[PDB]
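Quick setup: one chain, the form deposited in one PDB entry, written in structure tokens, and binding and motion questions come after.
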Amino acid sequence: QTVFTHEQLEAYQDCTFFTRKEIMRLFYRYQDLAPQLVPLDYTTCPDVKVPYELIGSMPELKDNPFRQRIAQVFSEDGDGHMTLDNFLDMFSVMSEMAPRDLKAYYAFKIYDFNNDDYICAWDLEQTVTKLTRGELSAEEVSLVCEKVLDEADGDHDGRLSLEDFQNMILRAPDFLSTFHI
């Protein structure tokens, strides 16, 4: 293996959930996105970004309604243009190895549109609308947002903190979808 030194490869294992082999597989995926831009030796610590247009078109992000903000959040400078470090960080968090609470941390970050460390009613409405992808009517979405805030607003301040969000049943399905004819 000639892409990385031992130091930097151990550093990637230290700061991700991946094995050395998985890091190498992900590197060659990253390099494959822009083979004439991304170098094949990172021992010199090159400063290289793959444009967002190539990140958002990956099969793992194509059909994600939040692909733009995921890429923004993990990109070095918030524009979705990703270094190798950014790319490995994103896929580490998205991996099956990442714990629920870590995924919820970054989910909270992408749903906090105005970056004020709260999910407000407008952030929540925007988020539920994008996630349900037309399954819910606008009137149903508002009902969802009202009860979520009723149940989960710990500080009774009209918005969700990270703590409120992590304490929610974040993945439970729509148990009432089956009652609309």
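Residue indices: 1-based, along the sequence shown. Rigid core here is just the name for the largest C-alpha set that superposes within 1.5 Å across the two forms.
Keep in mind the form deposited in another entry is missing from the figure; the text below concerns it.
Fit the rigid core and compare the CA positions between this form and the one not shown: of 58, 120, 145, 26, just 145 moves by 2 angstroms or more. Once both forms are fitted on their rigid core, the CA atom of residue 132 lies 2 Å or more apart between this form and the one not shown.
With a cut-off of 2 Å and the rigid core superposed, residue 11 has a Cα displacement that falls short of the cut-off between this form and the one not shown.
Closer approach of the C-alpha atoms of residue 105 and residue 169, by 3 angstroms or more, is seen in the other form than in the present form. The distance between the CA atoms of residue 109 and residue 169 is at least 3 Å shorter in the other form than in the form shown here.
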